[PDB]
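S.K.: Contents of structure-v1.txt (compact mmCIF, C-alpha atoms) are given next:
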# COMPACT_ATOMS: atom_id res chain seq x y z
CA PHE A 339 -25.13 -25.49 13.70
CA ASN A 340 -22.46 -26.74 16.14
CA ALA A 341 -22.72 -30.30 14.79
CA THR A 342 -19.42 -31.75 13.59
CA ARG A 343 -20.42 -33.99 10.68
CA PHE A 344 -22.51 -32.48 7.87
CA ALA A 345 -23.76 -33.81 4.53
CA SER A 346 -23.20 -33.18 0.81
CA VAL A 347 -25.35 -31.96 -2.09
CA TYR A 348 -26.36 -35.39 -3.42
CA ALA A 349 -27.27 -36.66 0.08
CA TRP A 350 -28.62 -33.50 1.71
CA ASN A 351 -29.84 -34.19 5.24
CA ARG A 352 -33.38 -33.45 6.39
CA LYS A 353 -34.30 -32.00 9.79
CA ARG A 354 -37.81 -30.79 10.65
CA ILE A 355 -38.46 -28.29 13.45
CA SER A 356 -41.43 -29.20 15.65
CA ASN A 357 -43.50 -27.23 18.22
CA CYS A 358 -41.02 -24.81 19.80
CA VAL A 359 -40.11 -21.15 20.31
CA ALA A 360 -37.88 -19.49 17.69
CA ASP A 361 -35.24 -17.14 19.15
CA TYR A 362 -33.40 -15.86 16.08
CA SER A 363 -31.59 -13.09 17.96
CA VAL A 364 -29.29 -15.72 19.48
CA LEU A 365 -28.71 -17.31 16.05
CA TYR A 366 -26.83 -14.27 14.68
CA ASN A 367 -24.12 -13.94 17.36
CA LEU A 368 -23.08 -17.55 16.71
CA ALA A 369 -20.13 -18.13 14.39
CA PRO A 370 -21.94 -19.85 11.39
CA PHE A 371 -24.81 -17.50 10.48
CA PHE A 372 -23.54 -14.61 8.33
CA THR A 373 -25.67 -14.20 5.20
CA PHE A 374 -29.42 -13.86 4.57
CA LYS A 375 -29.56 -13.20 0.82
CA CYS A 376 -33.01 -14.51 -0.13
CA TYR A 377 -36.63 -13.50 -0.74
CA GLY A 378 -40.08 -14.47 0.54
CA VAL A 379 -39.37 -13.52 4.16
CA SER A 380 -37.24 -10.97 6.04
CA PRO A 381 -34.62 -11.44 8.79
CA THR A 382 -36.27 -8.87 11.07
CA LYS A 383 -39.72 -10.36 10.35
CA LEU A 384 -38.80 -13.86 11.56
CA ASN A 385 -39.24 -12.60 15.14
CA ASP A 386 -42.94 -11.80 14.60
CA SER B 965 -57.44 -11.12 -5.68
CA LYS B 966 -53.67 -10.73 -5.53
CA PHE B 967 -53.11 -9.33 -9.08
CA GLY B 968 -49.83 -11.25 -9.28
CA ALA B 969 -48.56 -10.40 -5.78
CA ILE B 970 -47.71 -12.69 -2.86
CA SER B 971 -50.96 -12.47 -0.87
CA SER B 972 -54.25 -10.58 -0.91
CA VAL B 973 -53.97 -9.67 2.79
CA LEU B 974 -52.28 -6.32 3.43
CA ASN B 975 -51.22 -6.99 7.04
CA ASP B 976 -49.43 -10.14 5.85
CA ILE B 977 -47.32 -8.10 3.42
CA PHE B 978 -46.62 -5.23 5.83
CA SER B 979 -45.44 -7.74 8.49
CA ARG B 980 -43.84 -10.29 6.15
CA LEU B 981 -41.46 -8.62 3.75
CA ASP B 982 -39.05 -5.69 3.87
CA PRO B 983 -39.97 -2.11 4.77
CA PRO B 984 -38.91 -1.28 1.14
CA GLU B 985 -39.64 -4.54 -0.78
CA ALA B 986 -43.27 -4.75 0.36
CA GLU B 987 -43.90 -1.40 -1.38
CA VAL B 988 -43.89 -3.14 -4.78
CA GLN B 989 -46.60 -5.67 -3.82
CA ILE B 990 -48.67 -3.05 -1.98
CA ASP B 991 -48.30 -0.77 -5.00
CA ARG B 992 -49.40 -3.72 -7.15
CA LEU B 993 -52.54 -4.28 -5.06
CA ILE B 994 -53.32 -0.54 -4.95
CA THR B 995 -53.17 -0.23 -8.77
CA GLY B 996 -55.82 -2.95 -9.01
CA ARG B 997 -58.03 -1.80 -6.15
CA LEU B 998 -58.08 1.70 -7.67
CA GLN B 999 -58.83 0.18 -11.10
CA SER B 1000 -61.75 -1.98 -9.94
CA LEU B 1001 -63.30 1.04 -8.20
CA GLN B 1002 -62.75 3.19 -11.32
CA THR B 1003 -64.44 0.51 -13.45
CA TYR B 1004 -67.32 0.39 -10.93
CA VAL B 1005 -67.77 4.18 -11.05
CA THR B 1006 -67.57 4.12 -14.87
CA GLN B 1007 -70.20 1.36 -15.14
CA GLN B 1008 -72.41 3.17 -12.60
CA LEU B 1009 -72.18 6.37 -14.67
CA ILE B 1010 -73.03 4.31 -17.76
CA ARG B 1011 -76.09 2.78 -16.03
CA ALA B 1012 -77.09 6.24 -14.74
CA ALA B 1013 -77.46 7.43 -18.35
CA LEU C 387 -26.15 17.50 -9.80
CA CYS C 388 -26.40 20.23 -7.16
CA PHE C 389 -27.39 19.39 -3.59
CA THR C 390 -28.18 21.35 -0.45
CA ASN C 391 -26.06 19.66 2.25
CA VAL C 392 -23.69 16.68 2.23
CA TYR C 393 -22.50 14.97 5.43
CA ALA C 394 -20.01 12.18 6.14
CA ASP C 395 -19.58 9.88 9.14
CA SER C 396 -16.87 7.57 10.48
CA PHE C 397 -17.54 4.06 11.80
CA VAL C 398 -15.80 0.69 11.53
CA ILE C 399 -17.76 -2.59 11.69
CA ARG C 400 -17.11 -6.20 10.68
CA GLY C 401 -17.63 -7.04 7.01
CA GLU C 403 -23.28 -6.23 10.14
CA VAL C 404 -22.75 -5.23 6.50
CA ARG C 405 -26.36 -6.12 5.59
CA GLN C 406 -27.65 -2.95 7.31
CA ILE C 407 -25.13 -0.25 6.39
CA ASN C 414 -26.74 -5.76 15.02
CA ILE C 415 -25.95 -2.10 14.36
CA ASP C 417 -32.76 -1.33 15.99
CA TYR C 418 -29.38 -1.71 17.71
CA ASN C 419 -28.45 1.97 17.16
CA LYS C 421 -30.91 1.53 10.20
CA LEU C 422 -30.41 3.19 6.81
CA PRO C 423 -32.90 1.63 4.34
CA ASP C 424 -32.52 1.01 0.60
CA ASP C 425 -34.67 4.07 -0.23
CA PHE C 426 -32.78 6.64 1.85
CA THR C 427 -31.31 9.44 -0.25
CA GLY C 428 -27.52 9.55 -0.37
CA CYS C 429 -24.62 7.18 -0.97
CA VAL C 430 -22.12 5.06 0.97
CA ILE C 431 -18.32 4.66 0.86
CA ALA C 432 -16.56 1.40 1.73
CA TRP C 433 -12.89 0.39 1.69
CA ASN C 434 -10.43 -1.67 3.74
Could you quickly redo this structure as structure tokens?
M.R.:
Amino acid sequence: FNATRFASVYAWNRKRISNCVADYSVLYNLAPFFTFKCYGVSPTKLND
Amino acid sequence: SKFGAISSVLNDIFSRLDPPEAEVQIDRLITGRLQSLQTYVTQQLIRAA
Amino acid sequence: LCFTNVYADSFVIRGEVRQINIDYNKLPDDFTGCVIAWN
């Protein structure tokens, strides 16, 4: 999220997340993450 | 059977989707699990005759 | 429409707007009532 250079639509970068611990409570207070308009999962249910 | 829902497991849906968006897949599973049992009771009453 | 009781609150948050960060002291999409929003 704090990376300087990003990609475009035609050359969208890939980045897989390996064996780790997901702490999504820290991800909201950061400046990028604002919107979660989607389906399939829930923002409060990503912590479980 | 899912009857057109996301999953056939209830605890997946109650801990996967929203407190008020899971109540349209749970209500979809309930209206098939109450229909299969009604068909079973109807066929048992037919066989009882 | 006739109702029993109507109440109004007063709070200012950034728009946070997906709820009404605020189990953090919650109104769902099936709660009876409305909401008012302006700048």
S.K.: Could you list the residues in chain C lying within 10 Å of chain B, using all atoms listed in the file, and format the result as an NGL selection string?
M.R.: :C and (423-425)
S.K.: Would you mind exporting the chosen residues as a PDB file, in the frame of the given file, restricted to C-alpha atoms?
M.R.:
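See out_17.pdb below for the written result:
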ATOM      1  CA  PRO C 423     -32.900   1.630   4.340  1.00  0.00           C
ATOM      2  CA  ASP C 424     -32.520   1.010   0.600  1.00  0.00           C
ATOM      3  CA  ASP C 425     -34.670   4.070  -0.230  1.00  0.00           C
TER       4      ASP C 425
END
S.K.: Mind checking which residues fall within 12 Å of residue 988 (chain B), counting all atoms listed in the file, ignoring those fewer than 4 positions away in the same chain, and posting them as an MDAnalysis selection string?
M.R.: chainID B and resid 967:970 977:978 981:984 992:995
S.K.: Contacts from chain A to chain B, 7 Å maximum, only C-alpha atoms: show me the residue list as a list in words.
M.R.: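 Listing them in order of chain and number gives residues 378, 379, 380 and 383 of chain A.
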S.K.: Keeping C-alpha atoms for every residue in the selection just given, could you write it to a file as a PDB file, in the frame of the given file?
M.R.:
ATOM      1  CA  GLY A 378     -40.080 -14.470   0.540  1.00  0.00           C
ATOM      2  CA  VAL A 379     -39.370 -13.520   4.160  1.00  0.00           C
ATOM      3  CA  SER A 380     -37.240 -10.970   6.040  1.00  0.00           C
ATOM      4  CA  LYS A 383     -39.720 -10.360  10.350  1.00  0.00           C
TER       5      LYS A 383
END
S.K.: What does the structure give for the distance between CA of residue 373 (chain A) and CA of residue 407 (chain C), in Å to one decimal?
M.R.: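 Distance reported for this atom pair: 14.0 Å.
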S.K.: Chain A residues within 10 Å of chain C, counting all atoms listed in the file: which ones, as a PDB file with C-alpha atoms, keeping the file's coordinate frame?
M.R.:
ATOM      1  CA  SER A 363     -31.590 -13.090  17.960  1.00  0.00           C
ATOM      2  CA  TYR A 366     -26.830 -14.270  14.680  1.00  0.00           C
ATOM      3  CA  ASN A 367     -24.120 -13.940  17.360  1.00  0.00           C
ATOM      4  CA  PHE A 372     -23.540 -14.610   8.330  1.00  0.00           C
ATOM      5  CA  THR A 373     -25.670 -14.200   5.200  1.00  0.00           C
ATOM      6  CA  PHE A 374     -29.420 -13.860   4.570  1.00  0.00           C
ATOM      7  CA  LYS A 375     -29.560 -13.200   0.820  1.00  0.00           C
ATOM      8  CA  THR A 382     -36.270  -8.870  11.070  1.00  0.00           C
TER       9      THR A 382
END
S.K.: Using all atoms listed in the file, can you tell me which of B:1009, B:965, B:976, B:971 comes closest to residue 997 (chain B)?
M.R.: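 Among the listed residues, B:965 lies closest to residue 997 (chain B).
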S.K.: Adding 6 Å on each side of the box along x, y and z that holds all listed atoms of region 966-980 of chain B, could you give its centre and edge lengths in Å to one decimal, as AutoDock Vina command-line options?
M.R.:
--center_x -49.0 --center_y -9.0 --center_z -0.4 --size_x 22.4 --size_y 19.5 --size_z 29.8
